[PDB]
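We begin with a single chain expressed as structure tokens, specifically the form deposited without inositol hexakisphosphate.
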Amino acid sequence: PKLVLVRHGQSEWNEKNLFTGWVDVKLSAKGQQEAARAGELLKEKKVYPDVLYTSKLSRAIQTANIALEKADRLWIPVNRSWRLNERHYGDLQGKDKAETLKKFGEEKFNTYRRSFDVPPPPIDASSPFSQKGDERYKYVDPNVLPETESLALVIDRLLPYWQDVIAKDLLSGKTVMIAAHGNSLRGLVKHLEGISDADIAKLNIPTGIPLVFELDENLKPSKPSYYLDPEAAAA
């Protein structure tokens, strides 16, 4: 099989330097362009998505939309899941990134940003950056919705959708496109490449450049992953 991952580009809150996580923030004007370049890179580099999987965060959805518009496969099937969602930022959701570096001091800030398993404190159900009871998460077990998270966790929850849902399509021969977020794609790629806990910290999945994994029946790489634009992914 063939799989193509795509991280949205800059978002409205990303240029204001605010932590996003699950707040359904829009895709910046720049993020719509990096979207189109991914589309164009799909068309150009001849990767052809038979089905699409996004998260339930609009910045991700808007990316696939614009990208598929440019590759002319706007008509392919569409599934969404909270399991493809970005990591939840807890208390840190909607807090100024730089204003938070000063309150926590470089070490606590960084463990929260790039550690595999330490989550920011949970958010209040009353917060304005809380999704407790959001309409797009109304048919999911209220008990499983996080109020914070870490890479570790994000993966504990993404895996089951990958195992059952996104895998039928792959083993069905189909070519799957996933348009999700930064933490969730690094999380998928870790499961995929076998990277250690210690190691996943060093992986950057460059925004707007689709990454193609050609997999075998056991859903493990055939050959090593290729970005559709090398020098761009490496620069």
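Numbering starts at 1 and follows the sequence shown.
The same protein has a further form, the form deposited with inositol hexakisphosphate bound, not shown here; the description that follows concerns it.
Among residues of the shown chain, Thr175 is not one whose heavy atoms approach inositol hexakisphosphate to within 4.5 Å in the deposited bound form. Although the partner is absent here, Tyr227 lies well away from inositol hexakisphosphate in the deposited bound form, with no heavy atom inside 4.5 Å. Within 4.5 Å of any heavy atom of inositol hexakisphosphate in the deposited bound form lies no heavy atom of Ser58. In the deposited bound form, at least one heavy atom of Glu86 sits within 4.5 Å of inositol hexakisphosphate. Exactly one of the stretches 46-54, 165-173, 199-207, 61-69 approaches inositol hexakisphosphate in the deposited bound form with heavy atoms within 4.5 Å, and it is 199-207. Note on contacts: among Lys132, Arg136, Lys103, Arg114, the single residue with a heavy atom within 4.5 Å of inositol hexakisphosphate in the deposited bound form is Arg114.
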